[PDB]
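Asks: For reference, the file my_file-v9.txt (compact mmCIF, C-alpha atoms and all ligand atoms) is included below:
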# COMPACT_ATOMS: atom_id res chain seq x y z
CA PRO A 29 -54.10 -82.26 57.84
CA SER A 30 -54.55 -86.04 58.26
CA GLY A 31 -50.86 -86.68 57.51
CA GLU A 32 -51.92 -89.69 55.54
CA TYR A 33 -50.47 -90.27 52.12
CA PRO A 34 -52.12 -87.92 49.68
CA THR A 35 -54.52 -89.33 47.01
CA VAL A 36 -55.53 -88.15 43.51
CA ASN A 37 -58.58 -86.13 44.53
CA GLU A 38 -56.60 -84.29 47.24
CA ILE A 39 -54.02 -82.77 44.87
CA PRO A 40 -55.11 -80.26 42.20
CA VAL A 41 -53.20 -80.56 38.97
CA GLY A 42 -50.20 -78.22 39.27
CA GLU A 43 -49.57 -78.61 43.02
CA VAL A 44 -46.99 -80.89 44.57
CA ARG A 45 -46.94 -82.67 47.95
CA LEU A 46 -43.96 -84.15 49.76
CA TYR A 47 -44.29 -87.07 52.19
CA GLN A 48 -41.55 -88.08 54.60
CA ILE A 49 -40.80 -91.78 54.13
CA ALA A 50 -37.72 -92.19 56.36
CA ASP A 51 -34.82 -90.08 57.58
CA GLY A 52 -33.50 -88.30 54.49
CA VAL A 53 -36.11 -89.88 52.19
CA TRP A 54 -39.28 -88.27 50.84
CA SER A 55 -41.71 -89.11 48.12
CA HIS A 56 -43.16 -86.40 45.91
CA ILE A 57 -46.75 -86.60 44.69
CA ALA A 58 -48.39 -84.66 41.87
CA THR A 59 -51.38 -85.08 39.58
CA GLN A 60 -51.76 -84.72 35.86
CA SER A 61 -54.39 -85.03 33.17
CA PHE A 62 -53.81 -87.55 30.37
CA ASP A 63 -56.34 -88.60 27.72
CA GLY A 64 -59.11 -86.90 29.68
CA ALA A 65 -58.56 -88.48 33.09
CA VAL A 66 -56.57 -87.33 36.13
CA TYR A 67 -53.92 -89.51 37.73
CA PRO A 68 -51.53 -89.18 40.69
CA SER A 69 -47.89 -90.12 40.40
CA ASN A 70 -44.93 -90.49 42.75
CA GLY A 71 -41.24 -89.76 42.69
CA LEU A 72 -38.45 -89.83 45.30
CA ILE A 73 -36.10 -87.36 46.99
CA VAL A 74 -33.03 -88.66 48.80
CA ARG A 75 -30.73 -86.49 50.92
CA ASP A 76 -27.17 -86.58 49.55
CA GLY A 77 -25.15 -84.80 52.27
CA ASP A 78 -26.03 -81.11 51.86
CA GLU A 79 -27.54 -81.80 48.42
CA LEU A 80 -30.56 -83.76 47.14
CA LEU A 81 -30.93 -86.53 44.58
CA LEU A 82 -34.26 -86.50 42.74
CA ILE A 83 -35.85 -89.63 41.28
CA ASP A 84 -38.36 -88.83 38.51
CA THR A 85 -40.05 -85.61 37.53
CA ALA A 86 -43.50 -84.56 38.77
CA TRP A 87 -45.15 -85.31 35.39
CA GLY A 88 -44.97 -82.08 33.46
CA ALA A 89 -43.08 -78.82 33.24
CA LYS A 90 -45.35 -76.79 35.51
CA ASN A 91 -45.63 -79.61 38.04
CA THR A 92 -41.84 -79.99 38.08
CA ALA A 93 -41.33 -76.25 38.67
CA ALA A 94 -43.80 -76.57 41.54
CA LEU A 95 -41.82 -79.58 42.83
CA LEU A 96 -38.62 -77.53 42.98
CA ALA A 97 -40.47 -74.74 44.84
CA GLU A 98 -41.95 -77.24 47.31
CA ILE A 99 -38.51 -78.73 47.96
CA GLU A 100 -37.10 -75.28 48.61
CA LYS A 101 -39.92 -74.54 51.07
CA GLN A 102 -39.91 -77.87 52.93
CA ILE A 103 -36.28 -79.03 52.75
CA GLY A 104 -34.18 -76.07 51.62
CA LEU A 105 -31.29 -78.06 50.10
CA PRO A 106 -30.43 -77.87 46.40
CA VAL A 107 -31.39 -80.61 43.97
CA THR A 108 -28.18 -81.34 42.07
CA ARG A 109 -28.93 -84.56 40.16
CA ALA A 110 -32.00 -86.38 38.91
CA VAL A 111 -32.56 -89.89 37.58
CA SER A 112 -35.55 -90.83 35.42
CA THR A 113 -36.60 -94.45 35.85
CA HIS A 114 -38.21 -94.89 32.39
CA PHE A 115 -39.11 -92.87 29.32
CA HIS A 116 -42.76 -91.91 29.96
CA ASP A 117 -43.88 -88.34 30.70
CA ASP A 118 -44.50 -89.11 34.38
CA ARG A 119 -40.74 -89.78 34.65
CA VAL A 120 -39.08 -87.38 32.13
CA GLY A 121 -41.74 -84.68 31.59
CA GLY A 122 -40.09 -81.76 33.37
CA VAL A 123 -36.48 -82.68 32.56
CA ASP A 124 -36.10 -79.46 30.57
CA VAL A 125 -37.24 -77.48 33.66
CA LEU A 126 -34.71 -79.41 35.78
CA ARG A 127 -31.91 -78.79 33.31
CA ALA A 128 -32.68 -75.01 33.31
CA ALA A 129 -32.60 -75.03 37.13
CA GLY A 130 -29.06 -76.42 37.05
CA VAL A 131 -29.97 -80.04 37.84
CA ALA A 132 -27.89 -82.69 36.07
CA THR A 133 -30.32 -85.21 34.54
CA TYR A 134 -29.56 -88.90 34.03
CA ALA A 135 -31.21 -92.03 32.59
CA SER A 136 -30.13 -95.31 31.08
CA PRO A 137 -29.25 -95.32 27.37
CA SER A 138 -32.37 -97.43 26.80
CA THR A 139 -34.54 -94.76 28.40
CA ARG A 140 -32.82 -91.99 26.45
CA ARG A 141 -33.39 -93.78 23.14
CA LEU A 142 -37.03 -94.50 23.92
CA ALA A 143 -37.68 -90.94 25.08
CA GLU A 144 -36.10 -89.57 21.92
CA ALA A 145 -38.15 -91.87 19.69
CA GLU A 146 -41.37 -90.98 21.49
CA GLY A 147 -40.78 -87.23 21.39
CA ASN A 148 -40.46 -86.94 25.17
CA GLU A 149 -37.89 -84.89 27.05
CA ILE A 150 -34.45 -86.48 27.13
CA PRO A 151 -32.16 -86.64 30.22
CA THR A 152 -28.67 -85.35 29.47
CA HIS A 153 -26.43 -88.11 30.84
CA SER A 154 -26.38 -91.85 30.18
CA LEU A 155 -26.25 -94.41 33.00
CA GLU A 156 -24.10 -97.34 31.85
CA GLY A 157 -23.91 -100.66 33.63
CA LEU A 158 -27.68 -101.33 33.64
CA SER A 159 -28.32 -103.03 30.30
CA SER A 160 -28.77 -106.62 31.53
CA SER A 161 -31.50 -107.77 33.90
CA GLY A 162 -30.10 -108.06 37.41
CA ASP A 163 -27.58 -105.26 36.90
CA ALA A 164 -27.06 -102.78 39.69
CA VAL A 165 -24.99 -99.62 40.05
CA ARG A 166 -24.46 -97.05 42.79
CA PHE A 167 -25.60 -93.46 42.30
CA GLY A 168 -25.00 -91.25 45.31
CA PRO A 169 -27.06 -92.53 48.25
CA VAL A 170 -29.02 -95.06 46.19
CA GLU A 171 -28.59 -98.22 44.20
CA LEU A 172 -30.15 -98.39 40.74
CA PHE A 173 -31.35 -101.85 39.62
CA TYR A 174 -32.60 -103.05 36.25
CA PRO A 175 -35.02 -105.93 36.91
CA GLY A 176 -35.94 -106.66 33.31
CA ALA A 177 -38.93 -105.66 31.20
CA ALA A 178 -42.14 -104.99 33.11
CA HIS A 179 -44.22 -101.83 32.83
CA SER A 180 -41.72 -100.81 30.18
CA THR A 181 -38.59 -102.41 28.75
CA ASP A 182 -36.35 -99.79 30.35
CA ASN A 183 -37.87 -99.50 33.82
CA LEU A 184 -35.39 -99.10 36.70
CA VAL A 185 -35.98 -99.52 40.41
CA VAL A 186 -34.18 -97.60 43.15
CA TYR A 187 -33.10 -98.80 46.60
CA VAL A 188 -32.08 -96.52 49.49
CA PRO A 189 -29.86 -98.80 51.60
CA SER A 190 -29.67 -96.45 54.62
CA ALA A 191 -33.44 -96.77 55.10
CA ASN A 192 -34.33 -100.04 53.33
CA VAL A 193 -36.66 -98.11 51.03
CA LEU A 194 -37.50 -99.75 47.70
CA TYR A 195 -38.82 -97.36 45.07
CA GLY A 196 -40.32 -99.64 42.49
CA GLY A 197 -41.48 -97.01 40.07
CA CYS A 198 -44.10 -98.03 37.57
CA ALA A 199 -43.05 -101.68 37.62
CA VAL A 200 -44.75 -101.84 41.05
CA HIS A 201 -48.42 -101.14 41.72
CA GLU A 202 -50.16 -100.14 44.90
CA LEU A 203 -52.15 -102.68 46.91
CA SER A 204 -55.55 -101.24 45.98
CA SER A 205 -54.82 -101.49 42.27
CA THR A 206 -57.38 -103.47 40.31
CA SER A 207 -55.60 -103.23 36.95
CA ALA A 208 -52.06 -103.06 35.64
CA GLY A 209 -52.30 -99.33 34.90
CA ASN A 210 -51.16 -97.98 31.53
CA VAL A 211 -49.82 -101.06 29.79
CA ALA A 212 -49.20 -99.46 26.39
CA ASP A 213 -45.45 -100.18 26.50
CA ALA A 214 -45.46 -103.14 28.90
CA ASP A 215 -44.38 -106.78 28.63
CA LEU A 216 -47.06 -108.55 30.64
CA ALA A 217 -45.44 -111.96 30.06
CA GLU A 218 -42.03 -110.88 31.42
CA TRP A 219 -43.32 -108.65 34.23
CA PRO A 220 -43.76 -111.41 36.85
CA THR A 221 -40.21 -112.63 36.23
CA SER A 222 -38.89 -109.10 36.65
CA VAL A 223 -40.83 -108.70 39.91
CA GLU A 224 -39.38 -111.98 41.15
CA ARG A 225 -35.91 -110.55 40.51
CA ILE A 226 -36.75 -107.49 42.62
CA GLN A 227 -38.05 -109.70 45.42
CA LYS A 228 -34.88 -111.79 45.39
CA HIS A 229 -32.55 -108.81 45.28
CA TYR A 230 -34.20 -106.67 48.02
CA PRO A 231 -35.57 -109.07 50.66
CA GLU A 232 -34.98 -106.57 53.50
CA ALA A 233 -37.04 -103.77 52.00
CA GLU A 234 -39.22 -102.13 54.66
CA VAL A 235 -41.12 -99.60 52.54
CA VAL A 236 -42.08 -100.21 48.91
CA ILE A 237 -43.18 -97.19 46.86
CA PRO A 238 -45.14 -97.69 43.62
CA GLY A 239 -44.97 -95.37 40.63
CA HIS A 240 -48.58 -94.36 41.31
CA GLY A 241 -50.47 -94.62 44.59
CA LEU A 242 -49.82 -95.52 48.19
CA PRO A 243 -46.59 -96.96 49.62
CA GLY A 244 -46.71 -100.16 51.63
CA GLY A 245 -44.52 -103.14 52.38
CA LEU A 246 -43.11 -106.06 50.42
CA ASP A 247 -46.67 -107.28 49.65
CA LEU A 248 -46.85 -104.72 46.85
CA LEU A 249 -44.46 -106.89 44.86
CA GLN A 250 -46.58 -110.05 44.98
CA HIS A 251 -49.76 -108.04 44.45
CA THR A 252 -48.23 -106.50 41.33
CA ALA A 253 -47.45 -109.92 39.90
CA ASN A 254 -51.05 -110.96 40.65
CA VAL A 255 -52.73 -107.97 39.00
CA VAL A 256 -50.49 -108.20 35.94
CA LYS A 257 -51.65 -111.77 35.54
CA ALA A 258 -55.31 -110.69 35.90
CA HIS A 259 -55.06 -107.78 33.44
CA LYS A 260 -53.31 -109.92 30.87
CA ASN A 261 -56.49 -112.01 30.95
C1 LIG T 1 -47.86 -94.75 28.23
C2 LIG T 1 -47.87 -94.27 29.69
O1 LIG T 1 -47.85 -95.01 30.63
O2 LIG T 1 -47.94 -92.89 29.89
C3 LIG T 1 -47.96 -92.51 31.26
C4 LIG T 1 -47.60 -91.02 31.29
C5 LIG T 1 -49.39 -92.72 31.87
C6 LIG T 1 -50.49 -91.97 31.47
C7 LIG T 1 -51.76 -92.17 32.06
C8 LIG T 1 -51.93 -93.12 33.05
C9 LIG T 1 -50.83 -93.91 33.45
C10 LIG T 1 -50.70 -94.96 34.36
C11 LIG T 1 -51.81 -95.48 35.29
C12 LIG T 1 -53.10 -95.64 34.83
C13 LIG T 1 -54.09 -96.05 35.71
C14 LIG T 1 -53.83 -96.26 37.06
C15 LIG T 1 -54.95 -96.70 38.00
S1 LIG T 1 -55.90 -95.23 38.53
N1 LIG T 1 -57.01 -95.72 39.73
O3 LIG T 1 -56.62 -94.60 37.43
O4 LIG T 1 -55.07 -94.17 39.09
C16 LIG T 1 -52.52 -96.05 37.51
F1 LIG T 1 -52.18 -96.27 38.83
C17 LIG T 1 -51.52 -95.66 36.65
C18 LIG T 1 -49.36 -95.32 34.33
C19 LIG T 1 -48.66 -96.46 34.99
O5 LIG T 1 -49.27 -97.57 34.99
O6 LIG T 1 -47.47 -96.35 35.30
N2 LIG T 1 -48.71 -94.57 33.45
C20 LIG T 1 -49.56 -93.69 32.88
ZN ZN T 2 -44.77 -95.49 32.42
ZN ZN T 3 -46.27 -94.63 35.48
Produce structure tokens that represent the structure in this file.

Replies:
Amino acid sequence: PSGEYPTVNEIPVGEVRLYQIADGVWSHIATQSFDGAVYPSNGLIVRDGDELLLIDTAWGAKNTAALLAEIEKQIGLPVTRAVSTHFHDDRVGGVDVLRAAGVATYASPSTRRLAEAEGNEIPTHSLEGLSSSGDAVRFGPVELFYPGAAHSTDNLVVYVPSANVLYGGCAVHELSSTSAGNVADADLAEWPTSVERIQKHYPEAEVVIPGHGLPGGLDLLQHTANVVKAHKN
């Protein structure tokens, strides 16, 4: 009831929340168990005329089915395309559910290769034009940007120009974060440089959404660089 952004202990595993970020922009929030602990994660929904563009799954098949049901209840427009912003399960787990619901699924070739090698679900379509740091391409109502290696080598960020919303995905941490999250596939040395590229490219961002946790403003970018430095040590 508070209308505040929902946190890990407020979402049972299997349920999905939506949160209105701006006109035609929502985040989606779900929770999942991994290695015996429970974590929240975010994705994005962007209105695309009378259709919706989805950014990232809800971290699992059941969660992603629940996401589609929540979208139908709260928005009532069809999801026609999805982009996964890197290869981990919190981004691609649920792609098979999307594909069986008629959603066209996309990711960079780097993400597709990494997902395949890991045994994770694989988006159908490859997004070219994103292989060099600083690259950007348009995809419906968003811009996709490859900042360089950070949380993962393939991580993409997403900008919604109509609303100045920057979806950082897992390359960006929330302000309360005290660690750099799951760093198994990260490049802690390159991460600050990749964040600097995001800061330079999107200086008018008004809302910044992390891959996990609460949205805020541009301060999330500098905070992320700071915590990555601290974790590395
Ligand atoms: C290899 C890989 O990453 O697998 C993915 C599916 C994965 C599994 C489990 C946890 C994470 C985290 C993670 C971990 C801790 C925190 C702080 S806390 N207070 O506990 O919530 C957080 F915000 C995010 C992340 C991420 O850093 O993006 N990714 C995760
Ligand atoms: Zn990840
Ligand atoms: Zn993540």

Asks: So that each row is one residue of range 61-110 of chain A with an atom at most 8 Å from range 185-200 of chain A, can you give its shortest atom pair and the distance in Å to one decimal, using only C-alpha atoms, rows by chain and rising number, as JSON lines?

Replies:
{"residue": "A:70", "atom": "CA", "partner": "A:197", "partner_atom": "CA", "distance": 7.8}
{"residue": "A:71", "atom": "CA", "partner": "A:197", "partner_atom": "CA", "distance": 7.7}
{"residue": "A:72", "atom": "CA", "partner": "A:195", "partner_atom": "CA", "distance": 7.5}
{"residue": "A:74", "atom": "CA", "partner": "A:188", "partner_atom": "CA", "distance": 7.9}

Asks: Kindly provide the residues of chain A that approach ligand ZN 2 (chain T) to within 9 Å, each paired with its closest atom pair and their distance in Å to one decimal, based on all atoms listed in the file, listed by chain and increasing number, as a Markdown table.

Replies:
| residue | atom | partner | partner_atom | distance |
| --- | --- | --- | --- | --- |
| A:113 | CA | T:ZN2 | ZN | 8.9 |
| A:114 | CA | T:ZN2 | ZN | 6.6 |
| A:115 | CA | T:ZN2 | ZN | 7.0 |
| A:116 | CA | T:ZN2 | ZN | 4.8 |
| A:117 | CA | T:ZN2 | ZN | 7.4 |
| A:118 | CA | T:ZN2 | ZN | 6.7 |
| A:119 | CA | T:ZN2 | ZN | 7.3 |
| A:179 | CA | T:ZN2 | ZN | 6.4 |
| A:180 | CA | T:ZN2 | ZN | 6.5 |
| A:183 | CA | T:ZN2 | ZN | 8.1 |
| A:197 | CA | T:ZN2 | ZN | 8.5 |
| A:198 | CA | T:ZN2 | ZN | 5.8 |
| A:199 | CA | T:ZN2 | ZN | 8.3 |
| A:209 | CA | T:ZN2 | ZN | 8.8 |
| A:210 | CA | T:ZN2 | ZN | 6.9 |
| A:211 | CA | T:ZN2 | ZN | 8.0 |
| A:212 | CA | T:ZN2 | ZN | 8.5 |
| A:213 | CA | T:ZN2 | ZN | 7.6 |
| A:214 | CA | T:ZN2 | ZN | 8.4 |
| A:239 | CA | T:ZN2 | ZN | 8.2 |

Asks: Taking C-alpha atoms for each residue, export the selection above as an mmCIF file, in the coordinates of the input.

Replies:
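Okay, out-v4.cif is ready:
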data_model
loop_
_atom_site.group_PDB
_atom_site.id
_atom_site.type_symbol
_atom_site.label_atom_id
_atom_site.label_comp_id
_atom_site.auth_asym_id
_atom_site.auth_seq_id
_atom_site.Cartn_x
_atom_site.Cartn_y
_atom_site.Cartn_z
ATOM 1 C CA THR A 113 -36.600 -94.450 35.850
ATOM 2 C CA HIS A 114 -38.210 -94.890 32.390
ATOM 3 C CA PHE A 115 -39.110 -92.870 29.320
ATOM 4 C CA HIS A 116 -42.760 -91.910 29.960
ATOM 5 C CA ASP A 117 -43.880 -88.340 30.700
ATOM 6 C CA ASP A 118 -44.500 -89.110 34.380
ATOM 7 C CA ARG A 119 -40.740 -89.780 34.650
ATOM 8 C CA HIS A 179 -44.220 -101.830 32.830
ATOM 9 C CA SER A 180 -41.720 -100.810 30.180
ATOM 10 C CA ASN A 183 -37.870 -99.500 33.820
ATOM 11 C CA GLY A 197 -41.480 -97.010 40.070
ATOM 12 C CA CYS A 198 -44.100 -98.030 37.570
ATOM 13 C CA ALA A 199 -43.050 -101.680 37.620
ATOM 14 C CA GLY A 209 -52.300 -99.330 34.900
ATOM 15 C CA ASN A 210 -51.160 -97.980 31.530
ATOM 16 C CA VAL A 211 -49.820 -101.060 29.790
ATOM 17 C CA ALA A 212 -49.200 -99.460 26.390
ATOM 18 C CA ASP A 213 -45.450 -100.180 26.500
ATOM 19 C CA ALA A 214 -45.460 -103.140 28.900
ATOM 20 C CA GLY A 239 -44.970 -95.370 40.630
#

Asks: Taking into account only C-alpha atoms, which residue in the set A:184, A:85, A:111, A:146 is nearest to residue 162 in chain A?

Replies: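 Closest to residue 162 in chain A, using only C-alpha atoms: A:184.
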
Asks: Any idea what the distance is between CA of residue 66 in chain A and CA of residue 45 in chain A?

Replies: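 Pair CA of residue 66 in chain A / CA of residue 45 in chain A returns 15.9 Å.
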
Asks: Interatomic distance between CA of residue 163 in chain A and CA of residue 217 in chain A?

Replies: 20.3 Å

Asks: Taking into account all atoms listed in the file, which residue in the set A:215, A:156, A:98, A:124 is nearest to residue 137 in chain A?

Replies: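 Among the listed residues, the smallest separation from residue 137 in chain A belongs to A:156.
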
Asks: CA of residue 237 in chain A and CA of residue 249 in chain A are how many Å apart?

Replies: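 CA of residue 237 in chain A sits 10.0 Å away from CA of residue 249 in chain A.
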
Asks: A:169, A:176, A:106, A:88: which is nearest residue 52 in chain A, counting all atoms listed in the file?

Replies: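 Among the listed residues, A:169 lies closest to residue 52 in chain A.
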
Asks: Have a look at A:222, A:161, A:102, A:59 and name the one nearest to ligand ZN 3 (chain T); count all atoms listed in the file.

Replies: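 Result for the nearest residue to ligand ZN 3 (chain T): A:59.
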
Asks: List as JSON, numbers by chain the residues having at least one atom at most 8 Å from position (-41.6, -87.7, 48.9) as given in the file, counting only C-alpha atoms.

Replies: {"A": [45, 46, 47, 48, 49, 53, 54, 55, 56, 57, 70, 71, 72, 73]}

Asks: Complete the atoms of range 136-151 of chain A to N, CA and C atoms and put them out as a PDB file, keeping the file's coordinate frame.

Replies:
ATOM      1  N   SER A 136     -30.842 -94.305  31.846  1.00  0.00           N
ATOM      2  CA  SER A 136     -30.130 -95.310  31.080  1.00  0.00           C
ATOM      3  C   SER A 136     -30.130 -94.953  29.594  1.00  0.00           C
ATOM      4  N   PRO A 137     -29.200 -95.537  28.821  1.00  0.00           N
ATOM      5  CA  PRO A 137     -29.250 -95.320  27.370  1.00  0.00           C
ATOM      6  C   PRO A 137     -30.544 -95.829  26.765  1.00  0.00           C
ATOM      7  N   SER A 138     -31.095 -96.923  27.289  1.00  0.00           N
ATOM      8  CA  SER A 138     -32.370 -97.430  26.800  1.00  0.00           C
ATOM      9  C   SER A 138     -33.478 -96.407  26.982  1.00  0.00           C
ATOM     10  N   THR A 139     -33.547 -95.805  28.160  1.00  0.00           N
ATOM     11  CA  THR A 139     -34.540 -94.760  28.400  1.00  0.00           C
ATOM     12  C   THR A 139     -34.320 -93.565  27.486  1.00  0.00           C
ATOM     13  N   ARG A 140     -33.077 -93.131  27.319  1.00  0.00           N
ATOM     14  CA  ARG A 140     -32.820 -91.990  26.450  1.00  0.00           C
ATOM     15  C   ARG A 140     -33.266 -92.259  25.015  1.00  0.00           C
ATOM     16  N   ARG A 141     -32.966 -93.445  24.496  1.00  0.00           N
ATOM     17  CA  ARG A 141     -33.390 -93.780  23.140  1.00  0.00           C
ATOM     18  C   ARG A 141     -34.904 -93.765  23.024  1.00  0.00           C
ATOM     19  N   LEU A 142     -35.580 -94.397  23.980  1.00  0.00           N
ATOM     20  CA  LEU A 142     -37.030 -94.500  23.920  1.00  0.00           C
ATOM     21  C   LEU A 142     -37.675 -93.121  24.045  1.00  0.00           C
ATOM     22  N   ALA A 143     -37.154 -92.280  24.941  1.00  0.00           N
ATOM     23  CA  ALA A 143     -37.680 -90.940  25.080  1.00  0.00           C
ATOM     24  C   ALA A 143     -37.517 -90.166  23.790  1.00  0.00           C
ATOM     25  N   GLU A 144     -36.336 -90.238  23.188  1.00  0.00           N
ATOM     26  CA  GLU A 144     -36.100 -89.570  21.920  1.00  0.00           C
ATOM     27  C   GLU A 144     -37.084 -90.048  20.851  1.00  0.00           C
ATOM     28  N   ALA A 145     -37.296 -91.356  20.754  1.00  0.00           N
ATOM     29  CA  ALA A 145     -38.150 -91.870  19.690  1.00  0.00           C
ATOM     30  C   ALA A 145     -39.598 -91.482  19.901  1.00  0.00           C
ATOM     31  N   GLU A 146     -40.006 -91.326  21.150  1.00  0.00           N
ATOM     32  CA  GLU A 146     -41.370 -90.980  21.490  1.00  0.00           C
ATOM     33  C   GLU A 146     -41.640 -89.490  21.371  1.00  0.00           C
ATOM     34  N   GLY A 147     -40.601 -88.662  21.332  1.00  0.00           N
ATOM     35  CA  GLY A 147     -40.780 -87.230  21.390  1.00  0.00           C
ATOM     36  C   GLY A 147     -40.909 -86.682  22.800  1.00  0.00           C
ATOM     37  N   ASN A 148     -40.444 -87.421  23.798  1.00  0.00           N
ATOM     38  CA  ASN A 148     -40.460 -86.940  25.170  1.00  0.00           C
ATOM     39  C   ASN A 148     -39.135 -86.284  25.499  1.00  0.00           C
ATOM     40  N   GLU A 149     -39.099 -85.608  26.639  1.00  0.00           N
ATOM     41  CA  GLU A 149     -37.890 -84.890  27.050  1.00  0.00           C
ATOM     42  C   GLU A 149     -36.802 -85.912  27.381  1.00  0.00           C
ATOM     43  N   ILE A 150     -35.557 -85.535  27.117  1.00  0.00           N
ATOM     44  CA  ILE A 150     -34.450 -86.480  27.130  1.00  0.00           C
ATOM     45  C   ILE A 150     -33.447 -86.082  28.211  1.00  0.00           C
ATOM     46  N   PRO A 151     -33.238 -86.900  29.250  1.00  0.00           N
ATOM     47  CA  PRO A 151     -32.160 -86.640  30.220  1.00  0.00           C
ATOM     48  C   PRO A 151     -30.806 -86.511  29.520  1.00  0.00           C
TER      49      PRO A 151
END
